[PDB]
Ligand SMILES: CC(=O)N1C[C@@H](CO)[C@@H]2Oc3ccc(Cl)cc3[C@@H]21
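Heads up, the chain below is alone and in the form deposited without this ligand; it's given as structure tokens.
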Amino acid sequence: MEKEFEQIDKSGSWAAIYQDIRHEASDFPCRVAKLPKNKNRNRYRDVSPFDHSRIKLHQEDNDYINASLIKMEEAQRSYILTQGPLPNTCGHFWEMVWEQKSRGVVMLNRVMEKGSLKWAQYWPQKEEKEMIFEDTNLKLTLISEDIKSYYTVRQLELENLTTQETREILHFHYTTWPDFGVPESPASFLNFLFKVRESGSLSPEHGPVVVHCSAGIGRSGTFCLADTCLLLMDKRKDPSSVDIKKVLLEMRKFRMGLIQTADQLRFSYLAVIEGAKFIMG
């Protein structure tokens, strides 16, 4: 599958293959995302969850969050992909984490987008300054933080203030994806994926991992896509039969737009190729 990658490179046809994908991709209604009452719950007018796979919040008012369940039947793994929370949706974000019983959150964007403008900070920066989400009745505490060269892992305590029940959530933040373009080497992204796997966060004993970036479709899509293709290569008789384009189209049945550029598609192929070589040994 590496020689095919070499053939697409030699051919210069990454854009063509990427457009074949956008063309073939599923189209399902997003009627709930488009209701006038939810406008302010979407970060981007052109990225919405399909009605069929959207995550529903359990509380009473309005069950809408821009988040989709991606359920990969053959790999036996599920992910929830969601946009970076808005100042008004951080309460909803953690309510979803609570309700879906997720153990991990994986973030692939910057909160200070490029050098532009800091986005809503949805976890506490300081141990002594915990956050209380009044609308969803949740308290969130930073317990520890470990800053490595290419990612930061934080341990958070999430408490449901109704029941006083408490859960440890692991937050994995990949911090070195370049502000434009894609990493030239997938080695730190793969190491990050393997750290998240090692943590047990992706175990089917837990709710699905919550994955996000800016719109929850590009960098996020790369994480989910590389993870799933690597699972399938490890699970199939013939690891050889894994077709990344087919796996991505399958993912796109659950959330639109996964993998946002031809360069991200090529990077995803490259990460699966290098991952396989590493997991091959």
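In case it trips you up, residue 1 is the first one in the sequence shown, and so on.
Averaged over C-alpha atoms, is the B-factor higher for 231-239 or for 47-55 in this PDB entry? The deposited B-factors put 231-239 ahead on the C-alpha mean.
Per the entry, where is the mean C-alpha temperature factor higher: 222-230 or 240-248? Per the PDB entry, the higher value belongs to 240-248.
Using only the C-alpha B-factors in the record, can you name which of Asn137, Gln155, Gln100, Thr82 has the highest? Of the candidates given, the C-alpha B-factor peaks at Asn137.
Should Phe189 be placed in the lowest, middle or highest third of its chain by the C-alpha B factor in the entry? Its C-alpha B-factor, which the entry lists for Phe189, ranks in the lowest third among residues of this chain.
Sorting the chain's CA B-factors, does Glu130 end up in the lowest, middle or highest third? It belongs to the middle third of the chain when residues are ordered by C-alpha B-factor.
Third of the chain, ranked by Cα B-factor, where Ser78 sits: Lowest third.
Using the temperature factors of the C-alpha atoms in this entry, rank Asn38 within its chain: lowest, middle or highest third. Answer is highest: the recorded C-alpha B-factor places it there.
Ordered by C-alpha B-factor within the chain, which third holds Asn62? Give me lowest, middle or highest, please. It falls in the top third of the chain.
From this point on, the text means the form deposited with this ligand bound, which you will not see here.
Let me know which residues along 4-18 have a heavy atom within 4.5 Å of this ligand in the entry with it bound, or say none if there are none. Sequence-ordered list is empty.
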